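My numbering puts the first residue of the sequence shown at 878, with every later residue one more than the last. Even for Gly, the Cβ is constructed at its ideal location relative to N, Cα and C. Quick notes on the structure that follows.
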Amino acid sequence: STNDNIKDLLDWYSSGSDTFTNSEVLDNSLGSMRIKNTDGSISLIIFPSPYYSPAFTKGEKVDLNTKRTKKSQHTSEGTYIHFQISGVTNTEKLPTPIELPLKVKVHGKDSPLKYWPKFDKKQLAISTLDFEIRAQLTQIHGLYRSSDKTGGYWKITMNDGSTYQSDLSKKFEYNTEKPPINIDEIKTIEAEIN
């Protein structure tokens, strides 16, 4: 059996994510943005971190690789609104999609990847990287599904030796999230399930 925190994490990381490309900024206030997606929908996205306060102005184009915080709403004006958190980046692409270096260990033993995708975007928010890594761990490596796979961490090491890491036994800390990173500058990504 697992505890309720682990159950919340399983529900959170096994639901998918929302992807929108070339959306347009309608408004940008403190802690949030109102964006119009190319399909007509509107996205209201919150940004709780002072370290990651998107500065895009009205009219600029952006990409969304985010998670919904609640069910979308059909409004009176007839507008479809999404409620999401974080995951807004510029629209720049890499010359060719790259394969991020992810090494996973379960109980000290190496665990081979399955369906780990390629990425063609120059920058990705750390929260996006967090849900992509954890999704792979939950779907393929059993993270959060049983009591013997409830913790560990993932660590991203950049070329300059700087690091980013997240504790798998807790939800990603959105309130202190750092700015998006250039994924081609990532040297290694390691994930260990205790």
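Burial state of residue i, where buried means 16 or more other Cβ atoms lie within 10 Å
i	result
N942	buried
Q950	exposed
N1036	exposed
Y928	exposed
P974	exposed
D987	exposed
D940	buried
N905	buried
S1039	exposed
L990	exposed
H959	buried
Nearest-angstrom Cβ-Cβ length linking residue i and residue j, presumed shorter than 8 Å
i	j	result
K995	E976	5 Å
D997	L971	6 Å
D881	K944	Incorrect: roughly 20 Å between the Cβ atoms, too far for contact.
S891	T1027	The pair is not a contact, with the Cβ atoms about 15 Å apart (cut-off 8 Å).
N1059	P925	The pair is not a contact, with the Cβ atoms about 23 Å apart (cut-off 8 Å).
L1020	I1070	6 Å
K1048	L886	6 Å
In DSSP terms, what residue i is bridged to
i	result
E1069	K982 and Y1030
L1001	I1058
**Request:** Can you check the region 956-981 for any beta strand (DSSP E) of at least 3 residues that lies completely inside it and give the ranges in chain order?
**Result:** Taken in chain order, the whole beta strand (DSSP E) runs of length 3 or more contained in the region 956-981 are 957-962 and 970-975.
**Message:** I'd like the ranges of any alpha helix (DSSP H) spanning at least 4 consecutive residues and lying wholly in the region 1003-1047.
**Reply:** For the region 1003-1047, whole alpha helix (DSSP H) runs of length 4 or above, ordered along the chain, are 1003-1017.
**Item:** Validate contact between the region 908-923 and the region 958-971 using beta carbons, cut 8 Å, 3 pairs
**Value:** Contact between the region 908-923 and the region 958-971 is present, because at least three Cβ pairs lie under 8 Å.
**Prompt:** Which whole runs of the beta strand (DSSP E) in the region 903-955 are 3 residues long or more, in chain order?
**Reply:** Taking only runs of at least 3 residues, the beta strand (DSSP E) segments lying wholly in the region 903-955 are 909-913, 919-923 and 938-951.
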